[PDB]
Amino acid sequence: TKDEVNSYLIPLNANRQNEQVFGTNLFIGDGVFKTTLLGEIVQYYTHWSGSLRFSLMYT
Amino acid sequence: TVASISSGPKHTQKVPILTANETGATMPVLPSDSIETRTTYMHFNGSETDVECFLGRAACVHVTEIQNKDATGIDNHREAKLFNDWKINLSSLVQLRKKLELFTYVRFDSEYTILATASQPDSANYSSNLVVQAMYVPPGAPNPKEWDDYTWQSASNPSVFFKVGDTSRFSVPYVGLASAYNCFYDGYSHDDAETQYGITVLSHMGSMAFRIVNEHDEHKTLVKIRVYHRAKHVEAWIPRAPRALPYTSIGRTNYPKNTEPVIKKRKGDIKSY
Amino acid sequence: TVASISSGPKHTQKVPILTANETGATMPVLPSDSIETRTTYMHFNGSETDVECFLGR
Amino acid sequence: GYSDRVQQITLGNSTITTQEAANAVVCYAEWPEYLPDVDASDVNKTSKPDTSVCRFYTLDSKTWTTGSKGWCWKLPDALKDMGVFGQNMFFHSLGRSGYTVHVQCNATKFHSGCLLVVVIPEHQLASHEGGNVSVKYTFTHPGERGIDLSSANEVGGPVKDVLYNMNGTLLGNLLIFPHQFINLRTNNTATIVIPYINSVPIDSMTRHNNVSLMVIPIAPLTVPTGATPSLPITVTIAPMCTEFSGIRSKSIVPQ
Amino acid sequence: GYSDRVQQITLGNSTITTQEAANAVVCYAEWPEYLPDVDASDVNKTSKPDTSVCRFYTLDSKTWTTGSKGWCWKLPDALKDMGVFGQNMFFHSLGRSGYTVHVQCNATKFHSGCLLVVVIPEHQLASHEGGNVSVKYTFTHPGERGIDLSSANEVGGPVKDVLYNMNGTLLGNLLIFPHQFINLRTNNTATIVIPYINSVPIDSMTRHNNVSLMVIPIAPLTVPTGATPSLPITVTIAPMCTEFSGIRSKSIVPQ
Amino acid sequence: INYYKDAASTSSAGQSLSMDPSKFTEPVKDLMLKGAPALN
Amino acid sequence: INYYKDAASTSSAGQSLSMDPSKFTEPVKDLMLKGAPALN
Amino acid sequence: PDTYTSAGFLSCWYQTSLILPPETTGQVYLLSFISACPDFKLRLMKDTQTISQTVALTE
Ligand SMILES: Cc1cc(CCCCCCCOc2ccc(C3=N[C@@H](C)CO3)cc2)on1
């Protein structure tokens, strides 16, 4: 509800099976993407095309 | 080039004038296949029927209007025409529209000319030269709320400033997302049960915003903007049947109900001249 | 210029998609490292993202 | 002894023979071909089921009677349910295809009647409401049933007025589109080969139809005396050079 | 720095990475390949959907607990419903395929337990009734669910006794079949590549399963103190070099 | 002489002088010769 | 053609067409090869 | 955000499940990054919705 270091953290629960960790659409100019450097630059242009690289680092 | 060759009497087993139209072809029959002709030359190239020529002259595509007046106490600039805006499009006026829709896909650069003339309806004094600002507000970029918003800074968005009475001219490359612009589109933006049908969904090219830069004088001044569009570097694919009924909407093919017969009825018989 | 090369099935000991981000690098991974791709060309130069262009209006 | 008249088309595991053809049209003089790399954008390798999708599907038959106004099918819609063509269609994000269309109608040397068989690239329909009423999805996705131009206006559906091609243009000028006539006295089939025509290299098969096939009686059917007053018309269509790309979960579409 | 240990398998539009592998087995030292002409009999050209069928399908997960007896899946059955692989399956008369099987089970350095992962060509099951009672169809076509060897005898189903491999042979000798162990202390996955093994060049995919994949706990799962007493096991399988032939109407199979 | 850098800014294009109606007037699969019978 | 004497008076510069993200994307001291293990 | 032009979804699920060692407890987190492949194209510059102002700033 207010910007926090915690919205960068995707939590994981021990022992859950089959279940879903997170979900998002890919509107790179809006939503989660919007404040990232990528999101932030994309917004200076009208059209984009290309591949995106999404990585997850485990802690 | 010969337009007709010389040809004389014929009594053959080779009849070029009998064909079968069911095949879908238009066989290239000439005067000399069925009468006796003399040589004549063409003297002509077909220059002025080139599609570049056909779509290449400026056509009026939009007339809007804005006014210069005291905005003091105006709660909605947009609504007071303190700065109008236009949802760029090329089918709002019909002379050019019928011409483009002779083709299915079209690709070209645009050259815009913008003429702005002023009118002073309410008996007046001295008119101080107004300067119009025309911004390109593509989709995704802040759209102006007051006639003097931060938006008008237009630090990344192309804008032209010219004087009322003058003309502004610049040219924009082909901004389509695909390889050509669709003159027609028998699709939807997604498989939704209620989404709009047509090209409206493909036409997105954003809008263009006009305003006067001048603050207000004692009288009010009406400025009427006319946008002209000229296609340059034209490429057109797949010819279609010309438009017969009147148009009702930007981007749909719809015609009006209880329209009138478009084929002229004979005054007389089939046999009449 | 190719935007993507053609690439087919892989069953290797050489895994380009596992990295250690703690190092500070952004490893240059491409679609063709993890799916089967077909050739495609760029058709584009990146002209309008030059800083001269970005700050030049 | 080859005539323009007799023909055989074998495609996949299915063959068609006509003994009374009138040549065949190849739209814009181009034959279907796969998508070249130089024209490609999506980086995905595509899937080319070949013979399992490139065979002939015969849609259900229509009945030409003296009152018929004409019928209209959209592609790839008409085939949305045919065998593996259809599955592939709902399961990939993008697909592309050309077709061979074979329209059949035989009678006798005493009948008269003439149908126009035409293919219209990007046939955007008009709402009969006028103004800027849209034509809902379901209405432009009739499936194998196609649209029956002599059916009644419905709400959210297109206009079905024949002298206007369902779009504000005159029936008479449809001849600028690849087409062929079936004149009972000459002809008994019509065959058109359709190359893939779009402004993008590959597209969605469900949100956009890229051709409407239209069969329209123009010279009314006239049967011999005390003959039954009607003839069936059958449409058989075969996808050719089909490619699918971007496989996943399987689209869910309205209705 | 290549280890036997880390691996990547990319097949179609799907990729698997393991950081704790124990090499991989290729049945009988042969890698899946298409059907050569010299071996062909049916004259039909076959369909090779390629990347739309040769990708990785992850079946639903199992739960290894201290009481588990083992699970059994049959191929191509287990995949009868996965994406376009499955459609092709029901729609052609004949089909043929090899697979990459990747079984996954991770724990920690305090757990113990060891699973046997084995592929048995032509695993004909036994009826628990004895005599010459048959094993009904449905029972040998469990689909993605597979057979749970610790479930109860059912009527018309197979016997589920583990020391006998469901056929009158001893668990101990299953090691003559291509197999790999998952020993929590070593291993976290098992990967086996299966070439197509049959006495005919191509066969029906619905009346005959050509391998059973079997995962059997052998050294019981032992979790660290006050750990939850169970681990999930996941099976992901990818058809490879698949070919379908004799397309038609679409099989209807019991139940 | 172009005074401007971008191609969109140049004047109108110059006549195709391409002209080939056969894709529209004769898209038949087997070639028809004028003078020979239409249907054999 | 420059009409003016000073360099500041010339038009915009022309595309770097330089482009080398490695100072930003891979400033590591010991070179990392894609495909080889990150940490050995 | 355009519909016609939309790019998909990204989701993440447990394949087997997270397992913590003894003497350990609670949630673990993943950090996630985004960057563009060398593939990428951006065109037709415009103004960002990410910054605006109501009066000129001063010193
Ligand atoms: C200042 C200033 C103002 C501008 C405007 C830039 C031009 C953007 C417009 C791009 C061209 O717009 C269209 C819209 C529709 C169509 C079209 N619709 C179909 C019927 C056919 O073509 C073609 C071009 O640029 N600088």
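7 Å from Cα along Cα→Cβ at both C:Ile17 and E:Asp39: what's the point-to-point distance in nm?
3.0 nm
For C:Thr12, list long-range residues whose amide hydrogen, built 1.01 Å from N in the peptide plane, is under 5 Å from its own amide hydrogen.
Result for C:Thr12 returns E:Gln8, E:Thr10.
Nearest-to-axis residue of chain E, judged by Cβ, for the E-to-D rotation, with distance in whole Å?
Measuring from each Cβ to the axis, the minimum is at E:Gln87, 2.
Straight-line reach from F:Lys23: which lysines have Cα under 19 Å away, leaving out those fewer than 8 places along the same chain?
Within reach: F:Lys34.
Order E:177-183, E:244-250 from most to least packed using the mean count of other Cβ atoms within 10 Å. It would help to have the intermediate numbers written out before the result.
On the way: E:177-183: 19.3, E:244-250: 17.4.
Listed from highest to lowest mean packing, they are E:177-183, E:244-250.
What ³J(HN,Hα) values, in whole Hz, does the Karplus curve 6.51 cos²θ - 1.76 cosθ + 1.60 give for segment C:50-57 when θ = phi - 60°, with x put for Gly and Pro?
With coefficients 6.51, -1.76 and 1.60, one gets 4, 4, 5, 6, 4, 9, x, 10 Hz.
Can you compute 3J(HN,Hα) from phi for each residue in segment D:206-222, using the Karplus curve 6.51 cos²θ - 1.76 cosθ + 1.60 with θ = phi - 60°, rounded to whole Hz and x for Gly and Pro?
My calculation for segment D:206-222 gives 9, 8, 8, 9, 10, 8, 10, 9, 10, 10, 10, x, 10, 9, x, 6, 10 Hz in order.
What do you get for trypsin sites (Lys or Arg not before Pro) in chain A restricted to DSSP loop and a cutoff of at most 11 other Cβ within 10 Å of the site's Cβ? Kindly include the intermediate steps, with their values, before the conclusion.
Values: sites: A:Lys2, A:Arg16, A:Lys34, A:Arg53; in loops: A:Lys2, A:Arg16.
The qualifying sites are A:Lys2.
Show me, for segment D:105-116, the HN-Hα J-couplings you get by feeding each phi into the Karplus relation (A = 6.51, B = -1.76, C = 1.60, θ = phi - 60°), rounded to Hz, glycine and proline as x.
After applying 6.51 cos²θ - 1.76 cosθ + 1.60, I find 7, 9, 8, 9, 6, 10, 6, 9, x, 8, 9, 9 Hz.
For the pairs D:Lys62/E:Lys250; D:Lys136/D:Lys160; D:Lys80/D:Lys250; B:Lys87/B:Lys145; D:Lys45/D:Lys74, flag any whose C-alpha to C-alpha distance is greater than 18 Å.
Details: D:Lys62/E:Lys250 26 Å; D:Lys136/D:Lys160 14 Å; D:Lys80/D:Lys250 13 Å; B:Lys87/B:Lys145 15 Å; D:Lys45/D:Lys74 27 Å.
Where the Cα-Cα span goes over 18 Å, the pairs concerned are D:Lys62/E:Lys250; D:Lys45/D:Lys74.
Sum -39500 (n - 2.57) across every DSSP H segment of at least 4 residues in chain D, then divide by the residue count to get the 222 nm mean residue ellipticity, nearest 500.
Numbers: 1 runs with 9 residues, N = 255.
One gets -1000 deg cm²/dmol as the mean residue ellipticity at 222 nm.
Below 8 Å, C-alpha to C-alpha, sequence gap of six or more: please give me the relative contact order for chain C in percent.
Taking the mean separation of contacting Cα pairs over the length of chain C, I get 50 percent.
Beta carbons within 10 angstrom, averaged per residue: use that to sort the peptides E:76-87, H:26-37, highest first.
Numbers: E:76-87: 21.5, H:26-37: 15.2.
Sorting E:76-87, H:26-37 by mean packing, highest first, produces E:76-87, H:26-37.
May I ask you to work out the translational diffusion coefficient for chain B at 20 °C, viscosity 1.002 mPa s, via Stokes-Einstein with Rh from the Kirkwood sum over Cα pairs, reported in whole µm²/s? The partial results should precede the final answer.
Details: Rh = 23.5 Å.
It diffuses with D of about 91 µm²/s by this estimate.
Evaluate peptide B:153-159: per residue, the Cβ atoms of other protein chains within 10 Å of its Cβ; return the mean as an integer. Before the final figure, lay out the partial values.
Working: counts 4, 3, 5, 9, 4, 4, 1.
That works out to 4 on average.
For E:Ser112, what residues show an amide H to amide H distance below 5 Å, using hydrogens built from the backbone and excluding near sequence neighbours?
HN-HN under 5 Å from E:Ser112: E:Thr222.
Could you give the nm distance between label points at H:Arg43 and B:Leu30, where each point is 7 Å from its Cα heading toward the beta carbon?
Roughly 4.5 nm, to one decimal.
Which residues in segment F:9-23 place their backbone N less than 20 Å from a point set 7 Å from the Cα of D:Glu30 along the Cα-to-Cβ direction?
F:16-23
Round to the nearest 0.05 the FRET efficiency obtained for E:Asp60 and H:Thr50 when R0 = 35 Å and r is the Cβ-Cβ distance. Please report the intermediate quantities before stating the final value.
Details: r = 44 Å, r/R0 = 1.25.
The computed FRET efficiency comes out at 0.20.
Looking only at trypsin sites (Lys or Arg not before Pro) in DSSP loops with at most 15 other Cβ atoms within 10 Å, what is the longest site-free stretch of chain B?
Numbers: sites that count: B:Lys10, B:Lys14, B:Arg38, B:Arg57, B:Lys87, B:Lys145, B:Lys220, B:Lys257, B:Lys264, B:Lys265, B:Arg266, B:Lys267, B:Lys271.
Within chain B, the longest run free of exposed trypsin sites (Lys or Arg not before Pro) spans B:146-219.
List every residue whose amide H lies under 5 Å from the amide H of B:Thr221, counting only residues 5 or more places away in sequence or on a different chain, with H placed 1.01 Å from N in the peptide plane.
Sorted by chain and number, the residues that satisfy this are B:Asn68.
Within segment H:1-33, which residues have the backbone N less than 17 Å from the label spot 7 Å out from A:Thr35 along Cα→beta-carbon, could you tell me?
Correct set: H:31-33.
Using r as the Cβ-Cβ distance of B:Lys163 and F:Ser18, and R0 as 60 Å, what FRET efficiency do you calculate, to the nearest 0.05? Could the numbers behind the result be given before it?
Values: r = 43 Å, r/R0 = 0.71.
Computed FRET efficiency for B:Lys163 and F:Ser18 comes out at 0.90.
Counting neighbours? That spans all protein chains shown, and the Cβs are built from the backbone with ideal geometry, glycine included. None of the figures in this text is laboratory data; all of them are computed from the coordinates on show.
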